[PDB]
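To start, the structure itself, in structure tokens.
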Amino acid sequence: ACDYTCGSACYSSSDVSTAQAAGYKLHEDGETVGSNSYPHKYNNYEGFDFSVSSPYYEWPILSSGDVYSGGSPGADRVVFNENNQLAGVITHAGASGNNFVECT
Ligand SMILES: Nc1nc2c(ncn2[C@@H]2O[C@H](CO)[C@@H](O)[C@H]2OP(=O)(O)O)c(=O)[nH]1
């Protein structure tokens, strides 16, 4: 059930897969939504040890279960690459500044 824990947000594999599919599709069509223009390149400044190759893209995953459509993105993100492989699930919760910590 709780495959990914972001602070207090709990996401299942299906939740991630659904959000990732939506984000990858917009990337594929070259579209973006929200004040921060998601999905956009994630440079991995935090230096996370991803098992998949770059480039990476961040896309918001909502605790409500809805697919992001340009509103408030919240603190959690799913990270994917050009192969639509899941690099990881990250969050701003528990981090300082605009930094991310990996969800466990
Ligand atoms: N913290 C962080 N921000 C990133 C990274 N890659 C791109 N960014 C963007 O770099 C700027 C400083 O963090 C922000 O615009 C941020 O976008 P988001 O705010 O949409 O994450 C990354 O690897 N880590």
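Residue numbering restarts at 1 in every chain; chains get A, B, ... in the order shown in the structure tokens, and ligands count up from 1 in that same order.
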Could you name the residues that touch residue 15 in chain A at 9 Å or less, counting only C-alpha atoms, but leaving out those on the same chain fewer than 6 positions away, as a VMD selection string? chain A and resid 61 to 63 65
Strand (DSSP E) residues, from DSSP on the backbone, in chain A, as a short mmCIF file (atom, residue, chain, number, x, y, z; two decimals) with C-alpha atoms, in the first residue's frame:
```cif
data_model
loop_
_atom_site.label_atom_id
_atom_site.label_comp_id
_atom_site.auth_asym_id
_atom_site.auth_seq_id
_atom_site.Cartn_x
_atom_site.Cartn_y
_atom_site.Cartn_z
CA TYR A 4 6.47 5.64 -1.08
CA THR A 5 6.38 7.89 2.00
CA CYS A 6 6.76 11.65 1.47
CA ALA A 9 1.92 11.63 2.18
CA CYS A 10 1.50 7.96 1.29
CA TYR A 11 1.71 6.80 -2.34
CA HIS A 40 10.76 20.21 -16.85
CA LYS A 41 14.35 19.00 -16.58
CA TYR A 42 15.54 17.83 -13.19
CA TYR A 56 15.56 13.34 -15.81
CA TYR A 57 12.29 15.29 -15.57
CA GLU A 58 10.26 16.24 -12.50
CA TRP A 59 6.47 16.09 -12.43
CA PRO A 60 4.14 16.70 -9.45
CA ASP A 76 6.05 15.83 -3.98
CA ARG A 77 7.46 14.90 -7.41
CA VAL A 78 7.95 11.77 -9.52
CA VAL A 79 11.19 11.73 -11.54
CA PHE A 80 11.38 9.94 -14.91
CA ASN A 81 13.77 9.80 -17.88
CA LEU A 86 11.03 5.75 -12.93
CA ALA A 87 14.18 7.34 -11.48
CA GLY A 88 12.63 8.06 -8.12
CA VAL A 89 10.05 9.78 -5.99
CA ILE A 90 11.23 12.97 -4.21
CA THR A 91 9.80 15.68 -1.90
CA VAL A 101 15.01 14.56 -0.08
CA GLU A 102 14.17 11.11 -1.43
#
```
Ligand 1: which residues are within 6 Å, counting only C-alpha atoms and all ligand atoms? Reply as a PyMOL selection string. chain A and resi 36+41-46+98-100
Export, as an mmCIF file, in the first residue's frame, the selected residues with N, CA, C and O atoms.
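Full text of selection28.cif as output:
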```cif
data_model
loop_
_atom_site.group_PDB
_atom_site.id
_atom_site.type_symbol
_atom_site.label_atom_id
_atom_site.label_comp_id
_atom_site.auth_asym_id
_atom_site.auth_seq_id
_atom_site.Cartn_x
_atom_site.Cartn_y
_atom_site.Cartn_z
ATOM 1 N N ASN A 36 5.411 26.872 -12.705
ATOM 2 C CA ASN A 36 6.771 26.335 -12.827
ATOM 3 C C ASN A 36 6.989 25.514 -14.093
ATOM 4 O O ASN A 36 8.014 24.848 -14.234
ATOM 5 N N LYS A 41 13.123 19.677 -16.954
ATOM 6 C CA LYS A 41 14.355 18.997 -16.578
ATOM 7 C C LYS A 41 14.707 19.084 -15.106
ATOM 8 O O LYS A 41 14.573 20.130 -14.477
ATOM 9 N N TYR A 42 15.103 17.943 -14.564
ATOM 10 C CA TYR A 42 15.539 17.833 -13.186
ATOM 11 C C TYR A 42 17.029 17.524 -13.356
ATOM 12 O O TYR A 42 17.397 16.492 -13.927
ATOM 13 N N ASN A 43 17.882 18.433 -12.895
ATOM 14 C CA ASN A 43 19.323 18.270 -13.049
ATOM 15 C C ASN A 43 20.042 17.395 -12.026
ATOM 16 O O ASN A 43 21.222 17.083 -12.194
ATOM 17 N N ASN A 44 19.320 16.970 -10.994
ATOM 18 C CA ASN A 44 19.872 16.142 -9.927
ATOM 19 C C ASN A 44 20.991 16.859 -9.153
ATOM 20 O O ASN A 44 22.088 16.324 -8.973
ATOM 21 N N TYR A 45 20.701 18.081 -8.709
ATOM 22 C CA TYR A 45 21.657 18.868 -7.930
ATOM 23 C C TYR A 45 21.922 18.180 -6.595
ATOM 24 O O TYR A 45 23.021 18.265 -6.051
ATOM 25 N N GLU A 46 20.899 17.511 -6.072
ATOM 26 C CA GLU A 46 20.998 16.796 -4.806
ATOM 27 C C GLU A 46 21.942 15.602 -4.878
ATOM 28 O O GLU A 46 22.362 15.086 -3.844
ATOM 29 N N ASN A 98 14.975 25.181 -1.502
ATOM 30 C CA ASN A 98 14.294 24.531 -2.618
ATOM 31 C C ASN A 98 14.943 23.162 -2.878
ATOM 32 O O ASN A 98 14.942 22.664 -4.001
ATOM 33 N N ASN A 99 15.492 22.557 -1.827
ATOM 34 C CA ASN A 99 16.139 21.251 -1.939
ATOM 35 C C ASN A 99 15.143 20.110 -1.767
ATOM 36 O O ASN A 99 14.059 20.299 -1.210
ATOM 37 N N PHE A 100 15.521 18.931 -2.257
ATOM 38 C CA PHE A 100 14.692 17.723 -2.177
ATOM 39 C C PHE A 100 15.372 16.633 -1.354
ATOM 40 O O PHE A 100 16.600 16.594 -1.239
#
```
In range 9-102 of chain A, DSSP alpha helix (DSSP H) residues written as a list in words: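 Checking each residue of range 9-102 of chain A, the alpha helix (DSSP H) ones are residues 13, 14, 15, 16, 17, 18, 19, 20, 21, 22, 23, 24, 25, 26, 27, 28 and 29 of chain A.
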File of the preceding selection, C-alpha atoms, as a JSON list (two decimals), in the first residue's frame:
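Contents of out11.json, freshly written:
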```json
[["chain", "number", "residue", "atom", "x", "y", "z"],
["A", 13, "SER", "CA", 2.88, 1.96, -6.98],
["A", 14, "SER", "CA", -0.30, 2.72, -8.92],
["A", 15, "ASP", "CA", -0.33, 6.34, -7.72],
["A", 16, "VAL", "CA", 3.22, 6.83, -8.98],
["A", 17, "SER", "CA", 2.58, 4.99, -12.24],
["A", 18, "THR", "CA", -0.51, 7.10, -12.98],
["A", 19, "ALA", "CA", 1.23, 10.41, -12.24],
["A", 20, "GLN", "CA", 4.33, 9.34, -14.20],
["A", 21, "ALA", "CA", 2.20, 8.40, -17.24],
["A", 22, "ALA", "CA", 0.55, 11.82, -17.24],
["A", 23, "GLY", "CA", 3.86, 13.68, -16.92],
["A", 24, "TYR", "CA", 5.62, 11.62, -19.57],
["A", 25, "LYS", "CA", 2.75, 12.23, -22.01],
["A", 26, "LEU", "CA", 2.94, 16.04, -21.69],
["A", 27, "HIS", "CA", 6.73, 15.82, -22.08],
["A", 28, "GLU", "CA", 6.23, 13.74, -25.23],
["A", 29, "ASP", "CA", 3.80, 16.32, -26.71]]
```
Expressed in Å to a single decimal, how great is the separation between CA of residue 82 in chain A and CA of residue 103 in chain A?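 It comes out at 21.5 Å.
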Smallest atom-to-atom distance to residue 68 in chain A: which of A:96, A:104, A:51, A:32, using only C-alpha atoms?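 Comparing A:96, A:104, A:51, A:32 against residue 68 in chain A, the winner is A:32.
In this model, the gap between CA of residue 2 in chain A and CA of residue 97 in chain A comes to 26.5 Å.
With only C-alpha atoms as the atoms that count, the minimum distance from residue 94 in chain A to the choices A:7, A:1, A:66, A:73 is reached by A:7.
Take the candidates A:3, A:50, A:8, A:35 and check each one against residue 75 in chain A using only C-alpha atoms; the shortest distance goes to A:8.
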Between CA of residue 33 in chain A and CA of residue 69 in chain A, measure the distance and give it in Å to one decimal.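 For CA of residue 33 in chain A relative to CA of residue 69 in chain A, the distance reads 6.2 Å.
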